[PDB]
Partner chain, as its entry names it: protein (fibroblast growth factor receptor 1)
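Okay, here we've got a single chain as structure tokens, the form solved without its partner chain, with questions on binding and movement later.
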């Protein structure tokens, strides 16, 4: 449980999705250069993601266009990794009985989440907190 609640979101990983952030109304984007951000452009070719489960509640978020894995570094910066490693795992949970939240597994004890600012920039791990809108995501069909 990693010392966290276990309310899981409904749905599956059968198909790819878009991870939509309410905060600024952005879709999670993994750039070929390893850069990660958010875009409002629904036609962007780098927003399609494939989630997969490691263990129950643990996921990988992979770019279908590039094959890169979403990850969060030692300093809390989100990046795109060519290969899957411990920094690529996230704890996917339901939040506010509706949204999906993604907590860095490696940094779970610190509550470091995946989050997008209103300007579409990713937030740094330590800057994320329960209660913010930046951490709330909606998985949409592609």
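Residue numbers count along the first chain shown, from 1.
From this point on, the text means the form solved in complex with its partner chain, which you will not see here.
Is residue 108 part of the interface with its partner chain in the deposited bound form - any heavy atom within 4.5 Å?
Flag for residue 108 set to no.
Wondering, does residue 92 line up within 4.5 Å of its partner chain in the deposited bound form on heavy atoms?
Because a heavy atom of residue 92 falls inside 4.5 Å of its partner chain in the deposited bound form, the answer is yes.
Does its partner chain get within 4.5 angstroms of any non-hydrogen atom of residue 74 in the deposited bound form?
Flag for residue 74 set to no.
Determine whether any heavy atom of residue 65 comes within 4.5 Å of a heavy atom of its partner chain in the deposited bound form, and answer yes or no.
Result no; residue 65 lies far from its partner chain in the deposited bound form.
Within 81 to 108, the residues that have a heavy atom no more than 4.5 Å from its partner chain in the deposited bound form
Going through 81 to 108 in order - heavy atoms within 4.5 Å of its partner chain in the deposited bound form - the hits are 92, 94, 97, 98, 99, 100.
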